[PDB]
Amino acid sequence: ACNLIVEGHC
Amino acid sequence: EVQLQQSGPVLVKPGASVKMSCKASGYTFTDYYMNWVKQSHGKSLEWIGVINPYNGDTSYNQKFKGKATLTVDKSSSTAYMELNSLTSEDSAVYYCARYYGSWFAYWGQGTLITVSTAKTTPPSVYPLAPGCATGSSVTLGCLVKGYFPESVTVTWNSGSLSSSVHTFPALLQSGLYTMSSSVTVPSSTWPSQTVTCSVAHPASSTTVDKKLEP
Amino acid sequence: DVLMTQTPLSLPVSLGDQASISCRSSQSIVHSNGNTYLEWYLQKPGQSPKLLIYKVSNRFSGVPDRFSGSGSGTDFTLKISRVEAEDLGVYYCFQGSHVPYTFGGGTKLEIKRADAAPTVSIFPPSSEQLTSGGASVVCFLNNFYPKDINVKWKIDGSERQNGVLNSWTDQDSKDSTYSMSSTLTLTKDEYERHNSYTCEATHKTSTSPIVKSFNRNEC
């Protein structure tokens, strides 16, 4: 799943 | 000066829900993701999910999908986690833990959730005095029996410079907890000087003293 | 999920020794952006976890330089140099590179110290408990090392197994010893049928059992 902490947005 | 203050422990029935809080102070609440972590008694840590307080975005460990819901209230600088459909497996300490480039740089003190049908029960407090000497120290104790849920705190009115205390972890016994505490003081001071254990059980809001008698 | 496997499960170490804890991941922890989000936490008894190391080798503010993190890819190591008694607790590795973030299972750091014999004390049931119909006989075995200890109860010289509960403290960061309670719970009428109550401890520090007894007829 999208890594919110790294990407900042999902 | 960052502090995360979590709400108090809760005893809840199987099948119910519970909502706990994490109150942030000492920084700008919206600046950093807030994580939540589960720790079952004697087990490892598990990551539940993360919320961005800036905009409410969330990301969950699929193990807790449909179990845990993360929210924030920006105006009160508070993060919340709501657990639903509680089972005994949900009994655990739950931490909030704040991001700082690193994932969990600051941790709350945890919220203890107990999922059980048993009712709140204050402890019986019993004095432990030696039986029927010539030594220079004497060990006394208090037995704290038959309470629910955890926890209790036992304190002693002995001289700090001349006494030593041990607190033993509680065990379950017939659906209720039992623990004990020992104190050692100089024999020259006892029984002449009173020794009393004070037992606090926050869940029942009781604070009971027991005087130690020969 | 990415599995984080820590070894050893328990790590005994002397003061001033160096401790080494291994963490291996089931797949590379190097993120596509080039960073390795591998962290180390310490949870001391009764406390919340605390961050020690982030991005493999970076010490969080206030963590002294005797804690060092190393490794890469799937294999990582935490080395704690010049161990101090207050270092005891459970160390966890952690990866944030892959969702769901996952923790290692923990490594319990134990402080090694010189053998210490237990101070044993035995207590009869209180009159207050007896009025309620119960009777707990309590033995405290305090400030001993090593942790392994076996307690045997006797009533009038006969071994009594049923009704015994034993509780160890965690290791004490001040003197690195352990303590434990052993409690025998009987009914009042059962308790009042017998004379002598004995708790008997087998421990490294004694070639013979360490005996503590009281007799209801010595009052």
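Residues numbered from 1 in each chain as written, not as in the entry; some residues may be left out. Chains lettered and ligands numbered in written order. Heavy atoms only, no water.

For this entry, the PDB record names X-ray crystallography as the structure determination method and reports a resolution of 1.88 Å.

Here's the deal with unusual backbone geometry
Residues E150 of chain B and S151 of chain B are joined by a peptide bond in cis, for which omega reads 0 degrees. The step from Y145 of chain C to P146 of chain C runs through a cis peptide bond, and the omega angle for that step is 0 degrees. Considering the arrangement of structural elements, one finds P146 of chain C in the loop between β13 (134-144) and β14 (150-155). Not every positive phi belongs to a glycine, and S174 of chain B is a case in point at roughly 60 degrees. Looking at the secondary structure, you find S174 of chain B in the loop between β15 (164-173) and β16 (176-186). Here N143 of chain C, not a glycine, exhibits a phi torsion of approximately 60 degrees, which is positive. Checked against the element boundaries, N143 of chain C lands in strand β13. (Helix = DSSP H or I, 4+ residues; strand = E, 2+ residues; numbered from the N terminus.)

What about the pattern of salt bridges?
All names here are of chain C. Applying the stated criterion across every chain, the model contains eight salt bridges over all chains. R66 is the salt-bridge partner of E84, the closest N and O atoms lying 3.5 Å from each other. Taken together, the residues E84 in the loop between β8 (75-80) and β9 (89-95) and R66 in the loop between β6 (58-59) and β7 (67-72) connect sequence positions 18 residues apart. Of the charged contacts in the structure, one is a salt bridge between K154 and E200, with a shortest N-O distance of 3.2 Å. Here the residue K154 occupies a position in strand β14, and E200 occupies one in strand β18 (residues 196-202), the gap between them amounting to 46 residues. A residue is classified by how much of its surface remains accessible, and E200, at 13% relative accessible area, is buried. Connected through shared salt-bridge partners, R66, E84 and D87 make up one network. (Salt bridge = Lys/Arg side-chain N within 4 Å of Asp/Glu carboxyl O. Buried < 20%, exposed > 50% of the residue type's maximum accessible area, 1.4 Å probe, protein only.)

Quick word on the interface of chain C and chain B
For interface size, the figure often reported is the accessible area lost on association. Contact residues are listed per partner, giving 44 residues for chain C and 43 residues for chain B. Counting each side, the surface lost to burial between chain C and chain B is near 3,500 Å², with a carbon and sulfur contribution of 66%. The tally of links between chain C and chain B comes to zero salt bridges. On inspection of chain C and its partner chain B, the count reaches eleven residue pairs in polar contact. Those elements giving two or more residues to the side of chain C that touches chain B turn out to be β4 (38-43), β5 (50-54), β9, β12 (119-123), α1 (127-132), β13, β16 (164-168) and β17 (178-187) of chain C. It is β13 of chain C that provides the largest number of residues to the side of chain C that touches chain B, a total of five residues. Residues that form the side of chain C that touches chain B fall into these classes: 21 nonpolar, 19 polar and four charged. (Contact = heavy atoms within 4.5 Å. Buried area = accessible area lost by both parts, 1.4 Å probe. Polar contact = N/O pair within 3.5 Å; in protein donor to acceptor, adjacent residues only side chain to side chain. Nonpolar A, V, L, I, M, F, W, Y, C, P; charged D, E, K, R; others polar.)

Here's the deal with the nonpolar core
The biggest cluster of nonpolar side chains holds 49 residues, and the ones touching the most others in it are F104 of chain B together with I80 and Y91 of chain C. Once residues within four sequence positions are removed from consideration, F104 of chain B is found in contact with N35, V37, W47, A97 and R98 of chain B together with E39, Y41, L51, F94 and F103 of chain C. (Core = buried A, V, L, I, M, F, W, Y, C linked by side-chain atoms within 4.5 Å.)

Examining the packing of aromatic side chains
Summed over all chains, the structure comprises 26 aromatic pairs over all chains. Both rings, one in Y99 of chain B and one in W103 of chain B, keep their centres 6.1 Å apart while their planes meet at 75 degrees; by these two values the pair is edge-to-face. Like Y99 of chain B, the residue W103 of chain B is buried in the burial classification. With 5.6 Å between their ring centres and 35 degrees between their planes, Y100 of chain B and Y106 of chain B make a pair best called tilted. Here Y100 of chain B falls in the partly exposed class, since its relative accessible area comes to 41%. Grouping aromatic residues by their ring pairs yields a cluster made of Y33, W47, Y95, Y99, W103, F104 and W107 of chain B together with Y37, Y41, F94, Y101 and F103 of chain C. The aromatic ring of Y32 of chain B is capped on one face by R98 of chain B, whose charged end is 3.8 Å from the ring centroid. The positively charged end of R98 of chain B is found above the aromatic ring belonging to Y100 of chain B, 4.6 Å away from the centroid. (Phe/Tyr/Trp six-rings, centres within 6.5 Å; stacked < 30°, edge-to-face > 60°. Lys NZ or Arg CZ within 6 Å of the ring centre and 35° of its normal.)

A word on the domain arrangement of chain B
Annotation of chain B at the domain level lists domain 1 (3-115) and domain 2 (124-211). Computed from C-alpha atoms alone, the centre-to-centre distance between domain 1 of chain B and domain 2 of chain B is 34 Å. (Domains from an automatic or database assignment.)

Quick look at the domain arrangement of chain C
Residues and elements named next belong to chain C. The domain boundaries assigned to chain C delineate domain 1 (4-112) and domain 2 (119-213). Each of domain 1 and domain 2 was reduced to a C-alpha centroid, and the two centroids are 38 Å apart. The interface is formed by eight residues belonging to domain 1 together with eight residues belonging to domain 2. Along the contact surface separating domain 1 from domain 2 lie zero salt bridges. Viewed at the interface, domain 2 and domain 1 are joined by two residue pairs in polar contact. Class assignment for the residues of the side of domain 1 that touches domain 2 results in four nonpolar, no polar and four charged.

A word on the pairing of β14 of chain C
All names here are of chain C. Where burial is concerned, the two faces of β14 differ: the one with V151, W153 and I155 is buried and the one with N150, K152 and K154 is not. As judged from the six bridges shared by β14 and β18, these two strands associate in the antiparallel manner. Residue pairing for β18: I155 is matched across the bridge by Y197. Two strands pair when backbone bridges link them, and β14 and strand β15 (residues 158-160) are joined in this way by three bridges, in the antiparallel orientation. Its bridge partner lying in β15, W153 is registered against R160. (Pairing = 2+ DSSP bridges.)

Looking at the interface of chain C and chain A
Contacts between the two partners involve eight residues from chain C, matched on the other side by seven residues from chain A. For the chain C face of the interface with chain A, the top three residues by lost area are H31, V99 and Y101 of chain C, together amounting to 78%. Taken together, the connections running from chain C to chain A amount to zero salt bridges. On inspection of chain C and its partner chain A, the count reaches three residue pairs in polar contact. Residue classes in the side of chain C that touches chain A are distributed as three nonpolar, five polar and no charged.

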